[PDB]
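Next comes just one chain, in structure tokens: the form deposited in one PDB entry.
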């Protein structure tokens, strides 16, 4: 027979959302588990901030078996916490486990996603306790970051197409805040624009911002994955040296020095984006084989059309996850090129909402 379980999932170290998807993927991988539904992402304060959700699963696993599975997944992914919140109306009391979880009614970050998945759930020991009133008595933020297949990469530009006052240079910080409130799961930080800048200057812009990011780590309701945008082998080297621990991906619009780049990225176990800078398949295909040739796993490679109607065809040919950067590009948005940042951002949300349905792995945007 099948039993419906709610699994609570929390994390507050490393790449938080990645840890959550990895735990879910691990569950889904079991031949005796089916994933019915995922809850939203919730952020709570560390007694840096926790990221919590819950998933509802169907399984023939007995509770104790299911607990064994959770412990192993925890050991594989300790930077993640997996708990059996509930099994419908089941009541199990033992030293090994109690269902519902002892602390469920004392943790808004547990009860909140649980009631989201099962709005009608009542605690089987307290069938008269209206858990919504209980939830309110407790002490929580429901993020706009989601567990969706398409993740949003928010653009944080450190260059000069973007404005200091006499005693205020807060613009880039405010915009990090904006992106995080609005659901960006990933931020892409770039220090160049669209006159060259030196290695040392590009590095300094990036580093000042990552050092700022780190100082805010516990102030962030959500710690996004970090992508660095640079075409320079040397800034990559410097930035990974100091900050690899918060960097998830490298976004590189320059095939110059690929071999050395691939060795670095391989060594640091980070994601790489191939950018185009039809036949386009083969361009990406060639670069693609070099990277593999230098030691980086194929799963870690994304491709990008590089605009500067049939992407799904291309991805499927390519064997690689799609990253799409359509934000504020008047051509692909089919707008006049004079249109204001207000109308550009509008058309782009409209199109973002469209690419989200096709399961584009990453969309890169200025605004959510």
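Residue numbers count along the first chain shown, from 1.
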ask   = According to the entry, are there none, 1 to 3, 4 to 9, or 10 or more residues of the deposited sequence without coordinates between residue 286 and residue 287?
value = none
inquiry  = Neighbours in the displayed sequence, residue 330 and residue 331 may still hide a gap; how many deposited residues lack coordinates there, none, 1 to 3, 4 to 9, or 10 or more?
reply    = none
request  = Averaging only over Cα atoms, indicate whether 347-355 or 12-20 has the higher B-factor in the PDB entry.
outcome  = 347-355
ask   = Should the higher mean CA B-factor in the entry be assigned to 317-325 or to 36-44?
value = 317-325
task = Check the PDB entry and point out which of 186, 197, 246, 75 has the largest C-alpha temperature factor.
result = 197
task = Have a look at 67, 342, 26, 57 and flag the one whose Cα has the highest B-factor in the entry.
result = 342
note = Among the modelled residues of its chain, the C-alpha B-factor of residue 259 falls in the third labelled highest
Relative C-alpha B-factor of residue 277, binned into the chain's lowest, middle or highest third = highest
query = Mind checking which third residue 224 falls in for C-alpha B-factor across the chain?
reply = lowest
task = Name the third of the chain's ranked CA B-factors that contains residue 181, choosing lowest, middle or highest.
result = lowest
task = Grab the CA temperature factor for residue 368 from the record and place it in the lowest, middle or highest third of its chain.
result = highest
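Only in words, not in the display: the form solved in complex with a small molecule, which the text now covers.
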ask   = Just one of 22-30, 37-45, 312-320, 339-347 has heavy atoms within 4.5 Å of the small molecule in the deposited bound form; which?
value = 37-45
key: Heavy atom of residue 145 within 4.5 Å of the small molecule in the deposited bound form   = no
message = With a cut-off of 4.5 Å between heavy atoms, is residue 194 one of the residues that contacts the small molecule in the deposited bound form?
response = yes
ask   = Does the 4.5 Å heavy atom contact test between residue 275 and the small molecule in the deposited bound form come out positive?
value = yes
ask   = Heavy atom to heavy atom, is residue 329 within 4.5 Å of the small molecule in the deposited bound form?
value = yes
